[PDB]
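Undergrad: Here's a structure for you.
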Amino acid sequence: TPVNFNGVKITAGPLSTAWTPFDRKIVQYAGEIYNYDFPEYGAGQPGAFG
Amino acid sequence: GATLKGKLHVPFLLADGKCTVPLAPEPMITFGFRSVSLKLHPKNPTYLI
């Protein structure tokens with residue numbers, strides 16, 4: 001995706017590092033994010049998240 | 001002088017009976033070779049013996 005102003009084209013190429021703080025699966029609560037390996041749907045166990 | 005004039009009984013003594021006591025939510029048990037791993041979720045401070 002480019003951008004064009006007043007003749008000049010600017011293109012932000014891919015980042016040199018694809019790191020992301022969020023793991024594969026996360027939890028949102030009270031406006032805050034959590035790296036939590038929650039059980040998939042239907043596999044939740046008693047006494048824990050899900 | 002001598003003042004002991006009689007005896008009089010004390011009521012509401014300890015007596016035997018049945019009292020309702022709670023049951024903690026059953027353990028979740030998993031098995032392994034010569035091993036038993038039980039997960040416990042107390043509702044109140046509960047003894048494991």
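Ordering of the structure tokens sets the chain letters (A, B, ...), residue numbers begin anew at 1 in every chain, and ligands are numbered from 1 in the order given.
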Quick one: residues within 12 Å of stretch 15-21 of chain A, only C-alpha atoms, excluding same-chain residues fewer than 6 positions away - as a VMD selection string?
TA: chain A and resid 33 to 35
Undergrad: Those same residues - C-alpha atoms - I'd like them written as an mmCIF file, in the first residue's frame.
TA:
data_model
loop_
_atom_site.group_PDB
_atom_site.id
_atom_site.type_symbol
_atom_site.label_atom_id
_atom_site.label_comp_id
_atom_site.auth_asym_id
_atom_site.auth_seq_id
_atom_site.Cartn_x
_atom_site.Cartn_y
_atom_site.Cartn_z
ATOM 1 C CA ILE A 33 -5.088 -8.200 27.671
ATOM 2 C CA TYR A 34 -3.622 -11.441 29.017
ATOM 3 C CA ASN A 35 -1.380 -14.082 27.493
#
Undergrad: Taking only C-alpha atoms into account, report as a PyMOL selection string which residues of chain A lie within 12 Å of chain B.
TA: chain A and resi 45-48
Undergrad: Separation of atom CA of residue B:48 and atom CA of residue B:27, in Å?
TA: 10.6 Å
Undergrad: I'd like the contact shell of residue A:38 - 10 Å cut-off, only C-alpha atoms, skipping same-chain residues fewer than 5 positions apart - returned as a PyMOL selection string.
TA: chain A and resi 25-27+43-44+48-50
Undergrad: For the residues in that selection, give me N, CA, C and O atoms as a short mmCIF file (atom, residue, chain, number, x, y, z; two decimals), in the first residue's frame.
TA:
data_model
loop_
_atom_site.label_atom_id
_atom_site.label_comp_id
_atom_site.auth_asym_id
_atom_site.auth_seq_id
_atom_site.Cartn_x
_atom_site.Cartn_y
_atom_site.Cartn_z
N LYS A 25 -2.94 -17.18 21.51
CA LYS A 25 -4.29 -17.05 22.04
C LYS A 25 -4.26 -16.27 23.35
O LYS A 25 -3.43 -16.54 24.22
N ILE A 26 -5.18 -15.31 23.48
CA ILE A 26 -5.15 -14.32 24.55
C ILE A 26 -6.54 -14.16 25.15
O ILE A 26 -7.52 -14.74 24.67
N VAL A 27 -6.61 -13.37 26.22
CA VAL A 27 -7.85 -13.12 26.95
C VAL A 27 -7.98 -11.63 27.21
O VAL A 27 -7.01 -10.98 27.60
N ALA A 43 -13.85 -27.84 25.78
CA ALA A 43 -12.86 -28.59 26.54
C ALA A 43 -12.57 -27.99 27.91
O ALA A 43 -11.68 -28.48 28.60
N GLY A 44 -13.30 -26.95 28.31
CA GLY A 44 -13.02 -26.33 29.60
C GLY A 44 -13.28 -27.30 30.73
O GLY A 44 -14.20 -28.12 30.68
N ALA A 48 -11.48 -23.71 36.69
CA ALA A 48 -10.48 -22.94 35.97
C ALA A 48 -11.19 -22.12 34.90
O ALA A 48 -12.40 -22.25 34.69
N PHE A 49 -10.42 -21.27 34.24
CA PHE A 49 -10.96 -20.41 33.20
C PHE A 49 -11.60 -21.26 32.11
O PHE A 49 -11.00 -22.20 31.60
N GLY A 50 -12.84 -20.92 31.76
CA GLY A 50 -13.60 -21.68 30.80
C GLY A 50 -14.51 -22.73 31.38
O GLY A 50 -14.97 -23.60 30.63
#
Undergrad: Based on DSSP run over this structure's backbone, return all residues of chain B in strand (DSSP E or B), as a PDB file with N, CA and C atoms, in the first residue's frame.
TA:
ATOM      1  N   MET B  28     -10.797 -34.020  41.462  1.00  0.00           N
ATOM      2  CA  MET B  28     -10.604 -34.566  40.124  1.00  0.00           C
ATOM      3  C   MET B  28      -9.326 -35.388  40.109  1.00  0.00           C
ATOM      4  N   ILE B  29      -9.470 -36.693  39.904  1.00  0.00           N
ATOM      5  CA  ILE B  29      -8.379 -37.645  40.054  1.00  0.00           C
ATOM      6  C   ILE B  29      -7.904 -38.048  38.668  1.00  0.00           C
ATOM      7  N   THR B  30      -6.588 -38.086  38.488  1.00  0.00           N
ATOM      8  CA  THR B  30      -5.958 -38.635  37.300  1.00  0.00           C
ATOM      9  C   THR B  30      -4.930 -39.672  37.722  1.00  0.00           C
ATOM     10  N   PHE B  31      -4.777 -40.700  36.895  1.00  0.00           N
ATOM     11  CA  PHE B  31      -3.978 -41.866  37.228  1.00  0.00           C
ATOM     12  C   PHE B  31      -2.715 -41.913  36.383  1.00  0.00           C
ATOM     13  N   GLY B  32      -1.694 -42.564  36.933  1.00  0.00           N
ATOM     14  CA  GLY B  32      -0.440 -42.799  36.253  1.00  0.00           C
ATOM     15  C   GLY B  32       0.246 -43.961  36.933  1.00  0.00           C
ATOM     16  N   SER B  35       1.057 -43.676  40.548  1.00  0.00           N
ATOM     17  CA  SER B  35       0.877 -42.271  40.870  1.00  0.00           C
ATOM     18  C   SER B  35      -0.587 -41.894  40.718  1.00  0.00           C
ATOM     19  N   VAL B  36      -1.060 -41.078  41.652  1.00  0.00           N
ATOM     20  CA  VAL B  36      -2.406 -40.528  41.630  1.00  0.00           C
ATOM     21  C   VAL B  36      -2.293 -39.033  41.861  1.00  0.00           C
ATOM     22  N   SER B  37      -2.707 -38.249  40.872  1.00  0.00           N
ATOM     23  CA  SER B  37      -2.670 -36.799  40.950  1.00  0.00           C
ATOM     24  C   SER B  37      -4.095 -36.297  41.085  1.00  0.00           C
ATOM     25  N   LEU B  38      -4.412 -35.718  42.240  1.00  0.00           N
ATOM     26  CA  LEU B  38      -5.754 -35.229  42.508  1.00  0.00           C
ATOM     27  C   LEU B  38      -5.722 -33.714  42.614  1.00  0.00           C
ATOM     28  N   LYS B  39      -6.614 -33.075  41.861  1.00  0.00           N
ATOM     29  CA  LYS B  39      -6.806 -31.635  41.875  1.00  0.00           C
ATOM     30  C   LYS B  39      -7.961 -31.329  42.814  1.00  0.00           C
TER      31      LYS B  39
END
Undergrad: Residues at most 10 Å from residue B:44, counting only C-alpha atoms, excluding those fewer than 4 positions away in the same chain, as an NGL selection string?
TA: :B and (22-24)
Undergrad: Could you dump the residues just selected with N, CA, C and O atoms as a JSON list (two decimals), in the first residue's frame?
TA:
[["chain", "number", "residue", "atom", "x", "y", "z"],
["B", 22, "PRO", "N", -20.43, -29.51, 55.84],
["B", 22, "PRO", "CA", -20.42, -29.47, 54.38],
["B", 22, "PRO", "C", -19.46, -30.49, 53.78],
["B", 22, "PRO", "O", -18.61, -31.07, 54.45],
["B", 23, "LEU", "N", -19.64, -30.71, 52.47],
["B", 23, "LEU", "CA", -18.77, -31.56, 51.67],
["B", 23, "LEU", "C", -18.09, -30.70, 50.62],
["B", 23, "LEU", "O", -18.76, -30.00, 49.86],
["B", 24, "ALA", "N", -16.76, -30.76, 50.57],
["B", 24, "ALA", "CA", -16.03, -29.99, 49.59],
["B", 24, "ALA", "C", -16.23, -30.61, 48.20],
["B", 24, "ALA", "O", -16.46, -31.82, 48.10]]
